[PDB]
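What follows is a single chain, given as structure tokens, in the form deposited in one PDB entry.
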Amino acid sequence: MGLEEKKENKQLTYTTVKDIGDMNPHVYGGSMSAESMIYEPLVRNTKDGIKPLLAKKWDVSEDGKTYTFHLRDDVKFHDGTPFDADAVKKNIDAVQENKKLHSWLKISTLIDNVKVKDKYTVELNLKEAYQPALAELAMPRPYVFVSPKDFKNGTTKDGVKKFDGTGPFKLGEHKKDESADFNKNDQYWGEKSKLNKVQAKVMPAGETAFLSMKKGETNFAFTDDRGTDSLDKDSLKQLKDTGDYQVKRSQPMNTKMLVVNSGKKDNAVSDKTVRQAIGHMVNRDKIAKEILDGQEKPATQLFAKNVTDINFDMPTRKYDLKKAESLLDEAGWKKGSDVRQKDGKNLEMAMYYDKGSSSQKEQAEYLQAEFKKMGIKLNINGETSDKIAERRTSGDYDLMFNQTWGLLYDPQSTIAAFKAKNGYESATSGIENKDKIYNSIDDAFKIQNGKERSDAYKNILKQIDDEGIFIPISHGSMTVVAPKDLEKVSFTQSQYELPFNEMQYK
């Protein structure tokens, strides 16, 4: 039934641990790959650089503050209404009404106004010139376009009425926490999909997602926008051994790391000395080789040198238990017993991991047992990726697993996120010199000479590394399980989308 019924209907159903969330692409809770299926930006950012999309040609003034966009005249939203310069203006205006939500993306701080020149010409006026503007208008959020007809009283910051975009699929039926359909858009202006329907199906990871893939109740799987893979290696081995599934892994795209909350004045992780101690207690070589079964390489710094503007080797603290012990002694956390104490309190920490990531869970369990030998009670907590993200915002954590944001985002956007409420500001909020460091991040984004810019990033990361906020563990990639007879599965530069409209023969 399952796998052939879905080939006959030209259908993917993919397994995921979480629902698609709030499909308003002007905010950030909704699934990134889902939103990349229905919404589109003016321009896209390929490996060849900027390529036209909803804007076909565009002009740039000499002073660099005015961008003129000539728009396709053959684009309609999923509700019928036309995409035109007016539509572009209302969208960008609605986003800038809520620009506090977006300050991690510098372009939102410089957008002065949007002006309609005529039916299909729209003019973007900035307050300074800024060459990443094209790059940031190509991001999947927030500068993508929703049918103005769905605006709430001309606004999007407080939600939308329907979720109508210009993409190759349209949102169909969606059962909260159960499923969401992505029906082929027959009116799509560009490369029309060959699949009739991609459906998200929500279910726990582990055996229950493996079995559903084996029956063909789902036939597809990819690591989600929080880096969670619903199928571990052995499940991939068995799914390959059916002769029914293929598996593709992308180039490395990110660094997975432990995030340490310098702001949690509650806990010893607000003490720099302790942060430097535990940064010596993470045996990344053995994690990458035994815990992750060789599927990821160890990461020694936060951004690998294949990353733009990273031109330095800056290896972080190595696994060294003797250094760890002396730093904890220096901080007042002595061994009484093997447990470590200070002012009549045992050294405890609360660590958080995605309960849907089997690899985060096993890493959390390995670290718990390692930390016990040091005298630290590591209390580990398995939660949804969405609860992890909110702790990341509220700061209510001591340690958590996370990862960098990938090839389109590292290092510049991730580093900006060091000071963003919806980024990693909670974790850096306890650094004494955070004012200087935060101002360096704003300044580094102004430097045009690459080497002196690369040095600005280097000095920033050097201090962040010395503060022990981020313990890099391994380099993650994008993994896709797909029917063996499904063609044209490839990767973009983003870990947050897949060319669903290109895949074929199933």
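All residue numbers are counted from 1 along the displayed sequence.
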Among the other entries of this protein that were compared (only those with both neighbours built), does residue 322 lack coordinates in at least a third?
no
Checking the other compared PDB entries, only those that cover the residues flanking it, does residue 204 lack coordinates in at least one third?
no
Which fits the stretch between residue 336 and residue 337: none, 1 to 3, 4 to 9, or 10 or more deposited residues lacking coordinates?
1 to 3
Residue stretch of maximal mean CA temperature factor, 305 to 313 vs 95 to 103:
305 to 313
Taking the mean of the C-alpha B-factors per stretch from the entry, tell me the winner out of 470 to 478 and 56 to 64.
56 to 64
At the C-alpha atoms, which of 144, 369, 114, 415 reaches the highest B-factor in this entry?
114
From 244, 225, 362, 398, which pick has the Cα B-factor that tops the rest in the entry?
244
Considering only modelled residues of the same chain, in which third does the CA B-factor of residue 9 rank: lowest, middle or highest?
highest
Binned into thirds over the chain's modelled residues, the C-alpha B-factor of residue 182 lands in the middle
Of the three thirds of its chain by CA temperature factor, lowest, middle or highest, which one includes residue 462?
lowest
Going by what the PDB entry lists, where does residue 162 fall on CA B-factor within its chain: lowest, middle or highest third?
highest
Tell me, lowest, middle or highest third: where does the Cα B factor of residue 248 rank within its chain?
middle
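Same protein, other form: the form deposited in another entry, not shown, and the subject of what follows.
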Between the rigid parts turning between the shown form and the other one, which of 110, 417, 252, 22 is at the hinge point?
252
Residue 225 and residue 396, C-alpha gap in the other form relative to this structure (3 Å or more):
farther
Given that the CA-CA distance for residue 307 and residue 491 shifts by 3 Å or more in the other form, does it become closer or farther?
closer
